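Asker: Per my numbering, numbering of the sequence shown is gapless, rising by one per residue and ending at 629.
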Amino acid sequence: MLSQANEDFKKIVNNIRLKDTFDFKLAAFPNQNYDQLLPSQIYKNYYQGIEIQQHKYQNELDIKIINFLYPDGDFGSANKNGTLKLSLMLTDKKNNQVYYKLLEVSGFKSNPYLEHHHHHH
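What follows is the structure in structure tokens.
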């Protein structure tokens with residue numbers, strides 16, 4: 509019930525989600541849906557531009573997407589787990605500083621038992 513504690517501030521940052529906290533949009537994909545767009549395809553837009561639709565107390569933390577990363581793994585596996593790390597830089601509205609936070613998200617693609625594809629022998 510009403511809590512502006514140090515843990516809550518950081519909790520807001522670690523509880524940022526591409527549906528709960530911000531609905532994003534890619535410059536080349538104006539009608540994009542993160543529940544179908546492939547990881548490598550979304551990544552192609554980080555220089556072209558990304559739009560942020562806010563939902564949380566953004567007067568406290570600024571949401572800016574830097575780029576899209578994997579869980580320290582191969583792009584091949586990326587198709588089986590279908591998860592990306594959203595690299596966001598939270599700029600202080602009250603200190604003008606900047607904090608970095610990776611967000612482990614899913615929904616793009618998922619081949620759990622459908623990955624046995626070989627390029628060659």
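Even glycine gets a Cβ: it sits at the ideal position worked out from N, Cα and C.
State the start and end residues of the unbroken alpha helix (DSSP H) segment that holds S618.
Answerer: Position 110 of the sequence shown, counting from 1, holds the residue named residue 618. From DSSP, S618 is part of no alpha helix (DSSP H); its letter is neither H nor E.
Asker: On the three-pair Cβ rule with 8 Å, is the region 570–585 touching the region 534–544?
Answerer: The region 570–585, when compared against the region 534–544, does not touch it at the 8 Å Cβ threshold.
Asker: When DSSP labels each residue in this structure, what does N567 get in the three-state scheme?
Answerer: Reading the sequence shown from its first residue, position 59 is the one you call residue 567. In the structure shown, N567 sits in coil (DSSP, three-state: anything other than H, G, I, E or B).
Asker: Work out the CA separation of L598 and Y607 for me, nearest whole Å.
Answerer: Within the sequence shown, the letter at position 99 stands for residue 607. Within the sequence shown, the letter at position 90 stands for residue 598. Computed Cα separation, rounded: 5 Å.
Asker: Identify which residue in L510, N567, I550 has its Cα closest to the Cα of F616.
Answerer: The count along the sequence shown starts at 1 and reaches residue 616 at position 108. Nearest option by C-alpha distance: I550.
Asker: Please classify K572: does DSSP put it in a helix, a strand, or coil?
Answerer: The residue given as residue 572 occupies position 64 in the sequence shown. Residue state, collapsed to three classes: coil.
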